[PDB]
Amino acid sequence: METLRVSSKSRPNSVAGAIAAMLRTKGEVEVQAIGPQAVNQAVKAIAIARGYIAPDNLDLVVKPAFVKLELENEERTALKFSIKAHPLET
């Protein structure tokens, strides 16, 4: 899945737009978040994204998971959200 990295300052609506575009084009995307606020921003973005892909006959499902990631040569534990799209009607 291509990866969208989210931070404490990321804006849910702009991230939601990106998620929506990746789901519409590739059918899946992953969001990586580290820290409380970033996780909150990511979840909000995913909920908003559902509203953008619905008119395109799509909804999404998410699977959260803990993952160890490298950042600034440091190893950090983060939360990753694997997101998949599927048609609402076929």
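Each residue number is its position in the shown sequence, starting from 1.
Asks: Going by the average Cα B-factor in the PDB entry, point out whether 79 to 87 or 2 to 10 comes out higher.
Replies: Between 2 to 10 and 79 to 87, it is 2 to 10 that shows the higher mean C-alpha B-factor.
Asks: What stretch has the higher average Cα B-factor here, 53 to 61 or 39 to 47?
Replies: Comparing 53 to 61 with 39 to 47, the higher average CA B-factor belongs to 53 to 61.
Asks: Classify residue 29 as lowest, middle or highest third according to the C-alpha B-factor given in the PDB entry, relative to its own chain.
Replies: Within its chain, residue 29 is a lowest-third residue by C-alpha B-factor, going by the deposited values.
Asks: In terms of the CA temperature factor given in the entry, to which third of its chain does residue 71 belong: lowest, middle or highest?
Replies: For residue 71, whose C-alpha B-factor we compare with every modelled residue in the chain, the answer is the highest third.
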